[PDB]
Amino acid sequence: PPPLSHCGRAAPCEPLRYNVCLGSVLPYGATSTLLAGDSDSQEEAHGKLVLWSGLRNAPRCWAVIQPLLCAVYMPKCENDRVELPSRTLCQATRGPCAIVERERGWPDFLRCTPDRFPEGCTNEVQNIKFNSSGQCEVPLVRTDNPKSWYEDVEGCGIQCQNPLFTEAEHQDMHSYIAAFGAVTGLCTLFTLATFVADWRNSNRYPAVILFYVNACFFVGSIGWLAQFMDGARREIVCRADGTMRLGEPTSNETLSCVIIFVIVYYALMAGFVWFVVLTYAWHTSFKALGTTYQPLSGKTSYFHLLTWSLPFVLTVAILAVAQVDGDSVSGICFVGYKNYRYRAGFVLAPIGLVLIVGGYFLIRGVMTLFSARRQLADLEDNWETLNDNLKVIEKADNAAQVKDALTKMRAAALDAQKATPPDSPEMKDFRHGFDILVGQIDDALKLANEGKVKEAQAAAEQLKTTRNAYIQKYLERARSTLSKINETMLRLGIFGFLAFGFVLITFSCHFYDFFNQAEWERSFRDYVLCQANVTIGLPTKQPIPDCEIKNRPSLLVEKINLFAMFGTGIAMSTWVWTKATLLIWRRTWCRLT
């Protein structure tokens, strides 16, 4: 109807000093600085407008704030009545201009109070066209897809090429990834090729574990080398709009990111559980030294179950929560790149676990080796003490010599009685055999104490038979069980520890990244906000000053993690660097020629 009394306020009009409000020419000629609390002059108002216009970055917000700001700072005043802006004009900004309520809060007069912004006002800014759609400041890029938007800023996503690192740093990390990826690709393939060439003999535990291990590092390397194909890095890492890929799998985008993610992460996680299977193979290889062999072939089902099933669960679980993200420096897609907390439970947890489990089996194995190796050495020493003191008693002129050699024999026999090979019926006869001998040394000692040297020496000759009838039989068994330890057994443990070291390095890199990522994100937001904040409230004078990023991820750490990941692949590929396999390839060349 004709203008509602509540949709306007009694204020003295002054003619306009600017024909234009934020780019757009105005349909009236008089204004009032009543509606703007912060402004008392028109010139002051205009300067405030120049501060608001730092929201040009944030288009989604800019597009609704422009009309609201005119309606407040440059409102129409006609015949001592100023036109108030409608509620629906003010509320429309609350959503997309949420960065305002975060960074400084909305001023009193821009909060959608019913008194200040009445209901159903014909605003008059609706007749003004605000042509400015708005742009995104570096490192954001303009996009209308809401899945690409960076937090409170809407309309802007992070550029595909990692803003935290220069182009120089990218090609350098890519050179590094190329070197390690390719070499590991060649090493693992060569090593896989030798297994399939001699498949009949190769596919047998524990040597076959290293085949599956090398398979994982081979499949993983493909995923890592993908990016170096012409235009692939951009297809895997960048979105259609030109922002980074984040939160995959997302609906309209291609599968190239999730493909590369599955290739790398599944292969990585399977390789870690195959490593634990290697450390278990090594721990149980010593328990075979017992009467029951306990075959690895029987446990093959349990291995193939865990090694393929567990990565599948983790991969599926990741795909379900949709945490696949791309990175231009690494050139692959992975879990938890953006959301670092998911990287904890899907990368740091499993590696933490394979460290504890694999490490347990590695420690528990060397404990078995060193314990076995010392128990024989100790028995050997006691047995050698017995034989040396028997010679002394044989040669003895007198009782003092005999008593001395016998007390030493006694001590060695009691000590040897304590030893165990690595209430048992075998142990009963072992401990009893020494009980007999100690009791015979006992008898011989009495003769020696009484002075009967020839009697004592005669008694000592019976210890020789007692020794041969029991203790000899068992000492030979102890020697044979430690001889059973082949070089392929120990070589497996050497590889286990060599792999464990790399795992421990990888873990520490991820741990380091996890610990410092939160600051790296904070440092980015502060840099983003700085770019908009520094363009306003600054004199025109010299060029606007560039901002900085406090902190970022360490490329040395990334290069260390890469050396550890690919280094394991290379080290594990040296399992076939033997005489035997040089024969298998030379067998083939003659065949062909």
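Residue numbers run from 1 along the displayed sequence.
Colleague: How big is the unmodelled gap, if any, between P422 and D423 relative to the deposited sequence? Choose none, 1 to 3, 4 to 9, or 10 or more.
Modeller: Going from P422 to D423, the model skips 4 to 9 residues of the deposited sequence.
Colleague: I need to verify one thing: averaged over C-alpha atoms only, is the B-factor higher for 3-11 or for 584-592?
Modeller: The stretch with the larger mean CA B-factor is 584-592.
Colleague: What stretch has the higher average Cα B-factor here, 320-328 or 231-239?
Modeller: The entry gives the higher C-alpha B-factor average to 231-239.
Colleague: According to the Cα B-factor stored in this entry, which of the following is highest: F195, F514, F434, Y280?
Modeller: Largest recorded C-alpha B-factor: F434.
Colleague: Sort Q171, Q472, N339, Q91 by C-alpha B-factor from the entry and give me just the highest.
Modeller: Top of the list by C-alpha B-factor: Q472.
Colleague: Consider only the C-alpha atoms of the modelled residues in this chain, order them by B-factor as the entry records it, and name the third containing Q531: lowest, middle or highest.
Modeller: For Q531, the deposited C-alpha B-factor lands in the middle third.
Colleague: C-alpha B factor of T143, ranked within the chain: lowest, middle or highest third?
Modeller: According to the entry, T143 has a C-alpha B-factor in the chain's middle third.
Colleague: Going by the CA temperature factor in the PDB record, which third of the chain does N127 belong to: lowest, middle or highest?
Modeller: For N127, whose C-alpha B-factor we compare with every modelled residue in the chain, the answer is the lowest third.
Colleague: Ranked by Cα temperature factor within the chain, is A45 in the lowest third, the middle third or the highest third?
Modeller: According to the entry, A45 has a C-alpha B-factor in the chain's lowest third.
Colleague: Considering every modelled residue of the chain and its Cα B-factor in the PDB entry, is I549 in the lowest, middle or highest third?
Modeller: Within its chain, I549 is a middle-third residue by C-alpha B-factor, going by the deposited values.
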